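Heads up, the thing below is written out as structure tokens.
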Amino acid sequence: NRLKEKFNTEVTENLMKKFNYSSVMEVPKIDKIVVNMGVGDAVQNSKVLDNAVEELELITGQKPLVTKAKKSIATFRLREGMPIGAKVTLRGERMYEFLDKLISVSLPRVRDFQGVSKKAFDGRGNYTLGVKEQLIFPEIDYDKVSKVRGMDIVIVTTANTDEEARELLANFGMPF
Amino acid sequence: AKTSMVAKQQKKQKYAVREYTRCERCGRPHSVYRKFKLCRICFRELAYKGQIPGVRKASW
Amino acid sequence: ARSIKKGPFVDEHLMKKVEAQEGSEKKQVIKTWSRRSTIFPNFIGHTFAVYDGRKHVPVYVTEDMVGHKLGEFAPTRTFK
Amino acid sequence: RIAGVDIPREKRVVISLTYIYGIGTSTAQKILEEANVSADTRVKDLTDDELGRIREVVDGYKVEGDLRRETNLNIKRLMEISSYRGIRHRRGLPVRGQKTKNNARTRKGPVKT
Amino acid sequence: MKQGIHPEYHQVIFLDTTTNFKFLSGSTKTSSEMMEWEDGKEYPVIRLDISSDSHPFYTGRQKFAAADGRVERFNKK
RNA sequence: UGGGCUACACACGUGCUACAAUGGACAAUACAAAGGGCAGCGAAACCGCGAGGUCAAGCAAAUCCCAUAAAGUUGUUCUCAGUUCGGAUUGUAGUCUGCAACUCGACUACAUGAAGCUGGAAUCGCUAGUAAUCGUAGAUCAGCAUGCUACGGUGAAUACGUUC
Ligand SMILES: [Zn+2]
């Protein structure tokens, strides 16, 4: 829990001094991390989705929830209820471990890495990072990767403003 | 051959490996003998005219 | 050239252009026609727009690309 | 049985040692001369001390599965860097600049008329 | 958590060999090698070629080539 | 300047290499002819297992060099096996030419060791120093020949006949 200790000790104080919070309860914290992978091609080959779920499970450490089509779409040849994605929710220690790992071991492994988008904020203090190769993550061996596909990592924070979310993520160590 | 090509062959080449031989009578790039600096066609014509010292039809 | 007794070949103009602006971290893309130039460790992290015949393909140099020619990463023929 | 692979029992030692992946005729002769052993003696008529010396010499030549892994790693590296040789390895075409209009069967598989 | 559904998870020390820098965190990589840590308990170690303290973009410095690498062999040539 | 002419699901012609015991491997030892050589032929010696590198004699030619021909002969081994056959394929590491071998040269060392176990319909050359096999040299050419043009070594079978 090195990242959690950092947040409790340094980040809390820095952010509180920076934003002039009358109480400590206003200090933003990372509420959760949702790792989603949308597999549209599961329509044509469910085995793709199975491999994607296995890889996501290896990355995260907990079985992912299989997300199914909310509605039918003729153009995609998609029927309602067909599993076309996977999702993992990370909270607490597992969340912090995954976050520090993503910052330190995984992200630098991106070819020609030059930082992550600083504008990729929903507008309310939540940050979405679109990784484009699962091979970035250290837990996956490229030998067993039948296809390369990306992920979406949504860091949902209690910050009310993109400014505060940026400050928190920067203090945590997010490149920009 | 093209006059510009003949001129480019005569001119000095910045490389040294970039030097190639052309028949000096007509300019054919292919099948040029070194001893005569002639292509096979010009060699045959001049041998028939008898204007290549010591060159005659062979047989054995 | 290829023989070890001769150092790995690289165009002097290409090498000096790479060396220029080495200190600055805002390294830019280098236009080059030198498909024959070898990739030195000095090239790691650089972007070379290598002419493949009609257009300059961008090539990003990594450590594993050291020792190869810049032309090996700008294919010339198109098939399917 | 050397390097975890059995070798023909009735074959001379020098020839039989070539059955080890990574061991050819030249390396077989060199190993046999380093670990003093008769060239013509068959492996079946061989001494345990000779077999141990042969194993000792062989273990460090980096043969068999390690050699295979190294070759595969090289091929995978040249495929991953997106080299010309890598593209040709992916497409199963000759890598060393042959002509594919004809006579490329050993790389392209059987003829698909 | 539920029992028997999640993959096995345990602490590991990721080690950036370039800078010989060690960080402790959970994962499922499960390397055989084991190294001691400041807390009395030992945990396995995951070798890492490039990390935050070693990537040029994070560090602000040029990365250092490792031994037995392409650059090393090229300079030996 | 760089890239095509060197592409590649395919079909055809011409060849090179083989499928083995009339052979493969290892060591020793003979017998040709015809050509080329000036900034070209590069002897001997030393170095490297190797392709090759350093020094360097002779030679503008019946003088010196290219340049030790191979098949063959004599000894050991394999014993009818996809093998001690066959060498495509690709990994790594070298040599040489060229300002430069990525596309796209040749060769060398180590390893890898595919098909192929005399080939359906059909079809080709050849009447004797011919066919078949074995090497050798030269034009082009910095480098690059399984092509082309010449040279010799060993050296056959058959032609009844004109029905088709
Ligand atoms: Zn002419």
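A note on labels: chains of the structure tokens are A, B, ... as shown, every chain counts residues from 1, and ligands are counted from 1 in their shown order.
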
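Restricting the atom set to only C-alpha atoms (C1' of nucleotides) and all ligand atoms, one finds that the residues within 10 Å of ligand 1 amount to residues 1, 22, 23, 24, 25, 26, 27, 28, 29, 30, 31, 32, 33, 37, 38, 39, 40, 41, 42, 43, 44, 45 and 46 of chain B.
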
Quick one: residues within 7 Å of segment 70-79 of chain C, only C-alpha atoms (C1' of nucleotides) counted, chain neighbours fewer than 5 positions away excluded, as a PDB file with C-alpha atoms (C1' of nucleotides), in the first residue's frame?
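Result written to selection_24.pdb:
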ATOM      1  CA  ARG C  35      18.016   3.805 -46.910  1.00  0.00           C
ATOM      2  CA  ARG C  36      21.585   2.448 -46.775  1.00  0.00           C
ATOM      3  CA  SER C  37      22.621   4.189 -43.547  1.00  0.00           C
ATOM      4  CA  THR C  38      23.181   1.897 -40.588  1.00  0.00           C
ATOM      5  CA  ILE C  39      21.304   2.537 -37.344  1.00  0.00           C
ATOM      6  CA  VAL C  50      12.914   7.556 -44.829  1.00  0.00           C
ATOM      7  CA  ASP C  52      10.970   4.476 -49.879  1.00  0.00           C
ATOM      8  CA  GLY C  53      10.622   5.634 -53.491  1.00  0.00           C
ATOM      9  CA  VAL C  57       7.717   6.603 -44.278  1.00  0.00           C
ATOM     10  CA  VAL C  59      10.398   5.226 -38.653  1.00  0.00           C
TER      11      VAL C  59
ATOM     12  CA  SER D  82       8.723  -4.698 -38.180  1.00  0.00           C
ATOM     13  CA  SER D  83      11.856  -5.388 -40.218  1.00  0.00           C
ATOM     14  CA  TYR D  84      11.727  -6.495 -43.846  1.00  0.00           C
TER      15      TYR D  84
ATOM     16  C1'   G F   3      12.590   2.819 -55.927  1.00  0.00           C
ATOM     17  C1'   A F   7       6.977  -8.474 -56.975  1.00  0.00           C
ATOM     18  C1'   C F 102      17.858  -3.250 -46.764  1.00  0.00           C
ATOM     19  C1'   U F 103      14.948  -3.896 -51.082  1.00  0.00           C
TER      20        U F 103
END

| said: Between atom CA of residue 51 of chain E and atom CA of residue 18 of chain E, what is the distance in Å, rounded to a tenth? | reply: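 Going from atom CA of residue 51 of chain E over to atom CA of residue 18 of chain E covers 8.4 Å.
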
| request: Counting only C-alpha atoms, collect the residues of chain A whose closest atom lies at most 12 Å from chain D, and write them out as a list in words. | output: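 Using only C-alpha atoms, chain A residues at most 12 Å from chain D: residues 111, 142 and 143 of chain A.
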
Go ahead and write the residues just picked, C-alpha atoms, as a compact mmCIF listing (two decimals), in the first residue's frame.
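Written file, selection-v8.txt:
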# COMPACT_ATOMS: atom_id res chain seq x y z
CA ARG A 111 6.46 2.29 -27.53
CA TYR A 142 3.07 -11.81 -25.81
CA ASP A 143 3.39 -15.49 -26.74

| request: Identify all chain C residues at most 9 Å from chain A by counting only C-alpha atoms; ligands do not count. Present them as a PyMOL selection string. | output: chain C and resi 45+60+62

| request: Quick one: everything within 7 Å of segment 85-92 of chain A, counting only C-alpha atoms (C1' of nucleotides), minus sequence neighbours fewer than 2 positions away in the same chain. Send it as JSON, numbers by chain. | output: {"A": [31, 32, 33, 34, 35, 36, 37, 38, 39, 53, 64, 65, 66, 67, 68, 83, 94, 95, 96]}

| task | Among the residues of chain B, find those DSSP assigns to alpha helix (DSSP H) from the backbone and print them as a PyMOL selection string. | result | chain B and resi 3-10+40-49

With the cut-off set at 12 Å and counting only C-alpha atoms, tabulate each residue of chain D with an atom at most that distance from an atom of chain C, showing the nearest atom pair and its distance in Å to one decimal, ordered by chain and increasing number, as a Markdown table.
| residue | atom | partner | partner_atom | distance |
| --- | --- | --- | --- | --- |
| D:74 | CA | C:64 | CA | 10.5 |
| D:76 | CA | C:64 | CA | 11.4 |
| D:77 | CA | C:64 | CA | 7.6 |
| D:78 | CA | C:64 | CA | 8.5 |
| D:79 | CA | C:64 | CA | 11.1 |
| D:80 | CA | C:64 | CA | 9.4 |
| D:81 | CA | C:65 | CA | 6.8 |
| D:82 | CA | C:73 | CA | 6.7 |
| D:83 | CA | C:73 | CA | 5.4 |
| D:84 | CA | C:72 | CA | 5.2 |
| D:85 | CA | C:72 | CA | 7.9 |
| D:86 | CA | C:72 | CA | 9.6 |
| D:87 | CA | C:75 | CA | 9.5 |
| D:88 | CA | C:75 | CA | 11.0 |
| D:91 | CA | C:79 | CA | 11.1 |
| D:95 | CA | C:72 | CA | 11.9 |
